[PDB]
Amino acid sequence: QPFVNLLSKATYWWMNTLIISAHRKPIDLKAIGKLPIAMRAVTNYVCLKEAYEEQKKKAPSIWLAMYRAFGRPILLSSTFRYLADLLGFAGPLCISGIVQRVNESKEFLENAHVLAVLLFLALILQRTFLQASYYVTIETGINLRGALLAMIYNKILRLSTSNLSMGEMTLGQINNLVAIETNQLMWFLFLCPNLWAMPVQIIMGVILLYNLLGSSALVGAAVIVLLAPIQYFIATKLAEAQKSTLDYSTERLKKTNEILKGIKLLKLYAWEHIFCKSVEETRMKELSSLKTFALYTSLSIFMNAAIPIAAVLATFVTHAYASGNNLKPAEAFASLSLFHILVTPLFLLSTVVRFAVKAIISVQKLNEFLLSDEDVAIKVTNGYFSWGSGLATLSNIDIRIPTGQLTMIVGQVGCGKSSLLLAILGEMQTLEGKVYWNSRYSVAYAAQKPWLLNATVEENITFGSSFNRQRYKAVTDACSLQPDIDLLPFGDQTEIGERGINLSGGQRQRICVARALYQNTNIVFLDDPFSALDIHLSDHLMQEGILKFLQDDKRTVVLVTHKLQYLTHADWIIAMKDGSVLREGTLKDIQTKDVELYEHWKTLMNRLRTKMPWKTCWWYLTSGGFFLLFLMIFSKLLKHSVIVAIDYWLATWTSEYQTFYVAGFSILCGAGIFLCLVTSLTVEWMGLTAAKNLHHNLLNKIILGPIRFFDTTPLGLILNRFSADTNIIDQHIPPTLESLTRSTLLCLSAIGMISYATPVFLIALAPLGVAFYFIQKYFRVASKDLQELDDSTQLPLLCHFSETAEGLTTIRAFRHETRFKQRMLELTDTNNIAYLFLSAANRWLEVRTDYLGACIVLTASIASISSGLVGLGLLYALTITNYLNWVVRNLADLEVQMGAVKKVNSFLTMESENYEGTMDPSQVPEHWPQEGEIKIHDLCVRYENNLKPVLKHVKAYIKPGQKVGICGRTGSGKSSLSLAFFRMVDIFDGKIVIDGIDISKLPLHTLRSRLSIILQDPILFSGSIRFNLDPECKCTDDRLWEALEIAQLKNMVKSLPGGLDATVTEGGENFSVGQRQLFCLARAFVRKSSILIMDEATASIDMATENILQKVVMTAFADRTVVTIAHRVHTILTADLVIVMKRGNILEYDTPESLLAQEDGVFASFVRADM
Ligand SMILES: CCOc1cc(CC(=O)N[C@@H](CC(C)C)c2ccccc2N2CCCCC2)ccc1C(=O)O
Ligand SMILES: Nc1ncnc2c1ncn2[C@@H]1O[C@H](COP(=O)(O)OP(=O)(O)OP(=O)(O)O)[C@@H](O)[C@H]1O
Ligand SMILES: Nc1ncnc2c1ncn2[C@@H]1O[C@H](COP(=O)(O)OP(=O)(O)O)[C@@H](O)[C@H]1O
Ligand SMILES: [Mg+2]
Ligand SMILES: [Mg+2]
């Protein structure tokens, strides 16, 4: 009975139920059993950590720990591999025996049928052992992958966060370790038994070949063995080319992500075309590298499929012209079978050695990484904290935060404000002075830089807490997100953060503040919650979010803002400057003790089944051009015909049992070499052409789309169309298609030859055909499904790792390390289950196909028994066993990847906007905004069809060169009205007349080129400062410098390294918010347009900076007309005409003095609120 369990485990019957069935119902993690307690990431991690700790006590090297953790399975797998290899070497011997016995006490052992039965049994045993080895090694490799992921995740949680240690590039290295390093180490562990087996297989094969064919065997073995060093050389060249391609791909991906993450600015500036051209240039560089890589892949395939032919040629010619006897058929076919046996190990030994080198470097990298550095609410005495480099960033720190009372700390930009919080949390290094709390309890913390979980908004706000409707609603209302969440595609469940629907900086800050408030933890550390928020939003938030909501819960609050106007509410105040606290006390106490501090603060105030998708497959094939497809298919057909002809020529030559045969064989070998060369070249060329043709139009169409598409569709899918799908099309498909074609042709040729040799074989072909059809049918669905699960469950794993390495401070301030560890384990287990069952399906198919092939070998042999043709048939029967499962697996992979091609193709057909317009090209003036006049008539605007009109028949006219400022409550249509001039939002009724031309009829690019707009949150694109100032590069440097002076950034630019070409980090992160805003103003200036639209430009600007910016703008653009959306009404007091928007209506339209004249005026009330 237990032998039945052993057979079930050897034949992977334990998964037949989930393969034969579960094609009707898709395979889901519910269907797949949870991982056995033995293989869970927890157990593997504890084992590997125990081994590593034993080593560390002995000291530690990761290799010895890995051995002590996963030796026994690897020894078992190597034993299985050796048994499989030895049994497999019984093929050629059996063929030789059968052939010799045919056509005319150990007598029984010589009987032909006995040899046939022995061959069949040996084949089934070899395949069973080989697949058992594969599965044991795969299982051990996946266990190791789980352990390593858990280990590096624990290290990530225990990181240091100092910029000396972590800096900014370290996150990239951490993501690399989680993604590529661990996978490469896992794959080395997958393939390691090859290092044990392949050299021994080569040795045994060459020994048998010598025993069969004297010195000719030595000659052939030398020629063949020359295939290992050549393969290693070509593999090195391929690795170099693929590293270059990877670098160019990462560059292109960063450029694309920048383009489609700030698409609104590009479209408004009409820069989309320039950035797309730059991305296309990077694509051309990537395609040059990819063409080199494809050329070397073609040469690798050529060598793989040719050097064996040259070796056979040398062996047999040397035997013919050296060996006295002729070529007995048995010897010839045994030699051919041995060469077929040795072709795979030699072509793969170079790959396993390269994998071993990559694993050694990966383990060195991991070893390097693991050593990376690591009434009174709170009391600090003689605090002295350092970031790690030994320099005392904070000195003489002594604070006392009252419990249950609001505390605010104030200082200059860069006065040890944000660092003090991290020091309190322990992230900093405590040189001297202990910190004593009421060991620490969880403390809610909203980092200065907002951090967002990729999960939905509801999850981010809740953040692992007991979802309570009342508290959730109260927080969301206090945070002013109730209408903003409704705006997003899903009211309460839309994706957020990287790889989700992008949000404005204000929205991110609001989400983070909501998360901090929602938690029940008593201590709360808020760091610049108002920086991104508008003035109205901040006022609303503090009026009740801080003063009411928190005080209702009697929670200690530590708010870090430079907005002094709210100091009146502070119960305790701490002044920090130059890393030292000026004083700590109440407002009145501080003022009495420090009159100078009060004066400084006042001055600062200044006041069901899915079939194979043939259609997409055919479209991909024809993408290269019908001629290229015809050349590929015809060349492959001719190549395989010539190879079969070589084998048949050998068969006839043996049956003859000489100079006339030598010449024929040599000529056919030459033809085979040439046709292999041609076939490889053509297939790779078709692959390259298809990749280029798809990607070019893909990117062009995506950029040409409409804004709402980016507004709703998550950025994850859009950027996945370029990151993974294009990678698949460029690299994975062409190889898979080539493998499929070659394997199908070889299988068909073998079937044909076997049938020709023994036409009776066709009788047994039918049951074998049916069995193969059923195996193909069931596997091609089970695989597809399991790969779907693997990818869909591997996305969240890397998302979790990335979002953990990001915002360590939040994780360790909430003290939610354990919960995140548990989630990491629960995700890595799921991913490993999916991958493990994918490999189990592969083993299932391989074993069933190997038994099918063993049946084929048995039937072909039995037919042959009842003179060289028998040997030829047996040889091809043996090769069918090798090639059948590869046909099936390549077909499955081709289907899966053509799915990605289909996705890209569907994205290739998308809506757009009528850039052409209708106005006469000659009609437009040379300088259209010459006068700058603006006139409107009953304008009506709606963001999307069937939605509520944002603007309600607003009618307005601006005289040339006038200056008008617009204000109003949030969601009153200010931003939409500003964007109206650019037709970023559809207009139902009314029109906008500028310079006597209705914009509606103008070409979109022409309209959006001659207008200058400054968004609320400034975004600056990576590249040179010149590039940001004018990508078209059509401005003399003098204009750039004049603009920089106008922006007041001339001094900073001069201080820049290159001055005029200083490097700019992605998104303008290099500079400050004020510097970025000034640079955006300069960007607007260079356009030399007469109309400027400032949509809440100075939201993050300070009072003095805002005033100086406004005055310099007015002086510089005195002639030009400007429309400004006022962040604060006080900024637009000196305006020619004032407009206030309320619920999409311009209630007030008159001069600022006239508007202020009205009693209880809305604007007048706003001014009082600001004051
Ligand atoms: C994730 C599973 O991956 C496997 C992993 C294994 C373990 C293994 O010794 N591979 C040998 C192949 C054998 C036939 C020589 C090998 C060696 C060098 C380079 C690639 C490869 N192989 C890479 C995978 C498939 C192509 C040849 C077996 C089989 C598989 C499999 O696909 O089922
Ligand atoms: N994590 C860090 N890595 C490297 N240098 C740091 C780090 N944190 C602080 N510093 C340096 O130590 C000093 C203290 O920073 P401080 O607390 O003043 O930042 P902050 O000005 O409060 O934050 P922000 O300017 O974003 O409001 C600064 O001069 C800063 O450059
Ligand atoms: N992308 C969008 N899709 C649909 N409606 C939008 C979109 N953006 C804004 N709105 C709607 O337009 C109104 C005004 O928004 P907006 O002009 O952006 O802010 P403001 O009120 O500051 O002008 C809001 O009530 C909002 O619901
Ligand atoms: Mg800060
Ligand atoms: Mg707005």
# chains A, B, ... in the order shown; residues from 1 in each chain; ligands from 1

$ residues_around --residues "residue 955 (chain A)" --least-positions-apart "3" --cutoff "6 Å" --atoms "only C-alpha atoms" --output "number ranges by chain"
A: 936-938

$ residues_around --residues "region 624-636 of chain A" --least-positions-apart "6" --cutoff "8 Å" --atoms "only C-alpha atoms" --output "list in words"
residues 675, 676, 678, 679, 682, 683, 686, 687, 689, 690 and 742 of chain A

$ residues_near_ligand --ligand "ligand 3" --cutoff "7 Å" --atoms "only C-alpha atoms and all ligand atoms" --output "JSON, numbers by chain"
{"A": [487, 708, 711, 943, 944, 950, 969, 970, 971, 972, 973, 974, 975, 976, 977]}

$ write_last_selection --atoms "N, CA, C and O atoms" --output "PDB file, in the first residue's frame"
ATOM      1  N   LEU A 487     -13.987  62.136  -5.667  1.00  0.00           N
ATOM      2  CA  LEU A 487     -13.476  62.469  -6.992  1.00  0.00           C
ATOM      3  C   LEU A 487     -12.780  61.276  -7.635  1.00  0.00           C
ATOM      4  O   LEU A 487     -12.917  61.046  -8.841  1.00  0.00           O
ATOM      5  N   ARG A 708      -7.916  62.583 -19.018  1.00  0.00           N
ATOM      6  CA  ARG A 708      -8.757  61.801 -18.118  1.00  0.00           C
ATOM      7  C   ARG A 708      -8.312  60.348 -18.064  1.00  0.00           C
ATOM      8  O   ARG A 708      -8.457  59.691 -17.025  1.00  0.00           O
ATOM      9  N   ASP A 711      -5.977  60.283 -15.538  1.00  0.00           N
ATOM     10  CA  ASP A 711      -6.619  60.643 -14.279  1.00  0.00           C
ATOM     11  C   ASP A 711      -7.240  59.425 -13.607  1.00  0.00           C
ATOM     12  O   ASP A 711      -7.109  59.247 -12.392  1.00  0.00           O
ATOM     13  N   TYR A 943     -15.869  68.006 -16.599  1.00  0.00           N
ATOM     14  CA  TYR A 943     -14.672  67.185 -16.744  1.00  0.00           C
ATOM     15  C   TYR A 943     -14.941  65.959 -17.605  1.00  0.00           C
ATOM     16  O   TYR A 943     -14.124  65.602 -18.460  1.00  0.00           O
ATOM     17  N   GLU A 944     -16.075  65.299 -17.391  1.00  0.00           N
ATOM     18  CA  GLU A 944     -16.428  64.109 -18.148  1.00  0.00           C
ATOM     19  C   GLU A 944     -17.893  64.187 -18.543  1.00  0.00           C
ATOM     20  O   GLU A 944     -18.712  64.783 -17.840  1.00  0.00           O
ATOM     21  N   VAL A 950     -18.989  71.888 -13.958  1.00  0.00           N
ATOM     22  CA  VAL A 950     -18.204  72.600 -12.954  1.00  0.00           C
ATOM     23  C   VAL A 950     -18.411  74.105 -13.076  1.00  0.00           C
ATOM     24  O   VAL A 950     -18.475  74.817 -12.068  1.00  0.00           O
ATOM     25  N   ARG A 969     -13.466  79.315  -2.427  1.00  0.00           N
ATOM     26  CA  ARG A 969     -13.343  78.088  -1.659  1.00  0.00           C
ATOM     27  C   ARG A 969     -12.928  76.931  -2.560  1.00  0.00           C
ATOM     28  O   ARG A 969     -13.173  76.925  -3.769  1.00  0.00           O
ATOM     29  N   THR A 970     -12.290  75.937  -1.949  1.00  0.00           N
ATOM     30  CA  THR A 970     -11.840  74.776  -2.698  1.00  0.00           C
ATOM     31  C   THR A 970     -13.024  74.090  -3.366  1.00  0.00           C
ATOM     32  O   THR A 970     -14.126  74.025  -2.818  1.00  0.00           O
ATOM     33  N   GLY A 971     -12.789  73.585  -4.572  1.00  0.00           N
ATOM     34  CA  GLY A 971     -13.855  72.956  -5.322  1.00  0.00           C
ATOM     35  C   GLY A 971     -14.857  73.924  -5.902  1.00  0.00           C
ATOM     36  O   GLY A 971     -15.969  73.518  -6.247  1.00  0.00           O
ATOM     37  N   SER A 972     -14.495  75.199  -6.020  1.00  0.00           N
ATOM     38  CA  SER A 972     -15.369  76.213  -6.585  1.00  0.00           C
ATOM     39  C   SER A 972     -15.121  76.431  -8.071  1.00  0.00           C
ATOM     40  O   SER A 972     -15.720  77.334  -8.663  1.00  0.00           O
ATOM     41  N   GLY A 973     -14.253  75.631  -8.683  1.00  0.00           N
ATOM     42  CA  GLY A 973     -13.980  75.734 -10.099  1.00  0.00           C
ATOM     43  C   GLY A 973     -12.776  76.571 -10.468  1.00  0.00           C
ATOM     44  O   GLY A 973     -12.567  76.827 -11.660  1.00  0.00           O
ATOM     45  N   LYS A 974     -11.975  77.004  -9.495  1.00  0.00           N
ATOM     46  CA  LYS A 974     -10.820  77.833  -9.818  1.00  0.00           C
ATOM     47  C   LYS A 974      -9.859  77.092 -10.739  1.00  0.00           C
ATOM     48  O   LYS A 974      -9.502  77.586 -11.816  1.00  0.00           O
ATOM     49  N   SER A 975      -9.444  75.891 -10.338  1.00  0.00           N
ATOM     50  CA  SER A 975      -8.488  75.145 -11.145  1.00  0.00           C
ATOM     51  C   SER A 975      -9.079  74.793 -12.502  1.00  0.00           C
ATOM     52  O   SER A 975      -8.396  74.884 -13.529  1.00  0.00           O
ATOM     53  N   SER A 976     -10.348  74.384 -12.528  1.00  0.00           N
ATOM     54  CA  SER A 976     -10.983  74.046 -13.796  1.00  0.00           C
ATOM     55  C   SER A 976     -11.060  75.261 -14.708  1.00  0.00           C
ATOM     56  O   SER A 976     -10.780  75.164 -15.907  1.00  0.00           O
ATOM     57  N   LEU A 977     -11.431  76.416 -14.158  1.00  0.00           N
ATOM     58  CA  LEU A 977     -11.471  77.624 -14.972  1.00  0.00           C
ATOM     59  C   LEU A 977     -10.093  77.946 -15.528  1.00  0.00           C
ATOM     60  O   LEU A 977      -9.956  78.302 -16.703  1.00  0.00           O
TER      61      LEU A 977
END

$ closest_residue --among "A:1144, A:1067, A:752, A:759" --to "ligand 5" --atoms "only C-alpha atoms and all ligand atoms"
A:1144

$ closest_atom_pairs --of "chain A" --to "ligand 4" --cutoff "7 Å" --atoms "only C-alpha atoms and all ligand atoms" --output "Markdown table"
| residue | atom | partner | partner_atom_place_in_ligand_line | distance |
| --- | --- | --- | --- | --- |
| A:417 | CA | ligand 4 | 1 (Mg) | 6.2 |
| A:418 | CA | ligand 4 | 1 (Mg) | 4.2 |
| A:448 | CA | ligand 4 | 1 (Mg) | 5.5 |
| A:527 | CA | ligand 4 | 1 (Mg) | 6.4 |
| A:528 | CA | ligand 4 | 1 (Mg) | 6.7 |

$ write_last_selection --atoms "N, CA, C and O atoms" --output "PDB file, in the first residue's frame"
ATOM      1  N   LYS A 417      14.476  70.752  13.435  1.00  0.00           N
ATOM      2  CA  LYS A 417      13.104  70.552  13.829  1.00  0.00           C
ATOM      3  C   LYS A 417      12.826  69.077  13.561  1.00  0.00           C
ATOM      4  O   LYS A 417      12.767  68.289  14.490  1.00  0.00           O
ATOM      5  N   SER A 418      12.780  68.674  12.297  1.00  0.00           N
ATOM      6  CA  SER A 418      12.479  67.293  11.956  1.00  0.00           C
ATOM      7  C   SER A 418      13.448  66.266  12.533  1.00  0.00           C
ATOM      8  O   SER A 418      13.068  65.133  12.748  1.00  0.00           O
ATOM      9  N   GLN A 448       7.169  64.100   7.573  1.00  0.00           N
ATOM     10  CA  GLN A 448       7.204  65.304   6.750  1.00  0.00           C
ATOM     11  C   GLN A 448       7.001  64.951   5.284  1.00  0.00           C
ATOM     12  O   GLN A 448       6.202  65.579   4.583  1.00  0.00           O
ATOM     13  N   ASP A 527       4.585  66.271  11.634  1.00  0.00           N
ATOM     14  CA  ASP A 527       5.698  67.024  11.069  1.00  0.00           C
ATOM     15  C   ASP A 527       5.220  67.713   9.799  1.00  0.00           C
ATOM     16  O   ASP A 527       4.998  67.055   8.777  1.00  0.00           O
ATOM     17  N   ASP A 528       5.068  69.031   9.862  1.00  0.00           N
ATOM     18  CA  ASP A 528       4.611  69.833   8.734  1.00  0.00           C
ATOM     19  C   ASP A 528       3.380  69.215   8.066  1.00  0.00           C
ATOM     20  O   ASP A 528       3.397  68.923   6.867  1.00  0.00           O
TER      21      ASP A 528
END

$ residues_around --residues "residue 541 (chain A)" --least-positions-apart "6" --cutoff "10 Å" --atoms "only C-alpha atoms" --output "number ranges by chain"
A: 475, 477-480, 510, 513, 529-530, 533, 535, 547-549

$ write_last_selection --atoms "N, CA, C and O atoms" --output "tab-separated table (two decimals), in the first residue's frame"
chain	number	residue	atom	x	y	z
A	475	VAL	N	-12.78	61.38	11.27
A	475	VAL	CA	-11.44	61.73	10.84
A	475	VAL	C	-11.46	62.26	9.41
A	475	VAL	O	-10.84	63.28	9.10
A	477	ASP	N	-13.88	63.66	7.72
A	477	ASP	CA	-14.46	65.00	7.69
A	477	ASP	C	-13.48	66.02	8.24
A	477	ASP	O	-13.29	67.10	7.65
A	478	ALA	N	-12.83	65.71	9.36
A	478	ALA	CA	-11.85	66.63	9.93
A	478	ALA	C	-10.68	66.84	8.98
A	478	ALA	O	-10.08	67.92	8.97
A	479	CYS	N	-10.34	65.84	8.18
A	479	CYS	CA	-9.23	65.94	7.25
A	479	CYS	C	-9.64	66.54	5.91
A	479	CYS	O	-8.77	66.75	5.05
A	480	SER	N	-10.92	66.84	5.70
A	480	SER	CA	-11.40	67.52	4.51
A	480	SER	C	-11.24	66.68	3.25
A	480	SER	O	-11.09	67.21	2.15
A	510	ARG	N	-2.77	64.92	3.47
A	510	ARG	CA	-4.04	64.72	4.16
A	510	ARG	C	-4.23	63.25	4.52
A	510	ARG	O	-4.69	62.94	5.62
A	513	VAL	N	-1.95	62.49	7.49
A	513	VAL	CA	-2.45	63.08	8.73
A	513	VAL	C	-3.67	62.31	9.22
A	513	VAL	O	-3.85	62.10	10.43
A	529	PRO	N	2.30	69.00	8.82
A	529	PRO	CA	1.06	68.53	8.18
A	529	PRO	C	0.46	69.53	7.21
A	529	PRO	O	-0.35	69.14	6.37
A	530	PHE	N	0.84	70.80	7.30
A	530	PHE	CA	0.22	71.85	6.51
A	530	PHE	C	1.05	72.31	5.33
A	530	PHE	O	0.61	73.19	4.58
A	533	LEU	N	-0.84	71.49	2.26
A	533	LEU	CA	-2.22	71.92	2.35
A	533	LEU	C	-2.36	73.40	2.03
A	533	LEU	O	-1.48	74.21	2.35
A	535	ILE	N	-4.25	77.14	2.48
A	535	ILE	CA	-4.51	77.88	3.71
A	535	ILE	C	-5.87	77.51	4.28
A	535	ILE	O	-6.01	77.28	5.48
A	547	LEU	N	-7.34	70.93	17.28
A	547	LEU	CA	-7.86	71.54	18.49
A	547	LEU	C	-9.01	70.75	19.09
A	547	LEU	O	-9.12	70.65	20.31
A	548	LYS	N	-9.88	70.18	18.25
A	548	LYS	CA	-11.05	69.47	18.75
A	548	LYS	C	-10.85	67.96	18.79
A	548	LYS	O	-10.99	67.34	19.84
A	549	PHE	N	-10.52	67.36	17.64
A	549	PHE	CA	-10.50	65.90	17.56
A	549	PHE	C	-9.49	65.30	18.53
A	549	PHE	O	-9.81	64.38	19.29

$ residues_near_ligand --ligand "ligand 1" --cutoff "10 Å" --atoms "only C-alpha atoms and all ligand atoms" --output "PyMOL selection string"
chain A and resi 77-78+81+130-139+141-142+186-195+197-198+344-355+835-836+838-846+882+885-886+889

$ residues_around --residues "residue 319 (chain A)" --least-positions-apart "6" --cutoff "12 Å" --atoms "only C-alpha atoms" --output "count of residues only"
21

$ select_by_dssp --residues "region 1047-1131 of chain A" --states "helix (DSSP H, G or I)" --output "number ranges by chain"
A: 1047, 1050-1055, 1073-1086, 1103-1116, 1129-1131

$ closest_residue --among "A:514, A:1015, A:397, A:997" --to "ligand 5" --atoms "only C-alpha atoms and all ligand atoms"
A:1015

$ atom_distance --atom1 "CA of residue 968 (chain A)" --atom2 "CA of residue 567 (chain A)"
25.8 Å

$ residues_around --residues "residue 754 (chain A)" --least-positions-apart "3" --cutoff "10 Å" --atoms "only C-alpha atoms" --output "list in words"
residues 748, 749, 750, 751, 757, 758, 759, 760, 761, 762, 856, 857, 860, 861, 863, 864, 869, 870, 871, 872, 873, 874, 875, 876 and 877 of chain A

$ residues_around --residues "residue 224 (chain A)" --least-positions-apart "4" --cutoff "8 Å" --atoms "only C-alpha atoms" --output "ChimeraX atom specification"
/A:220,307-308,311
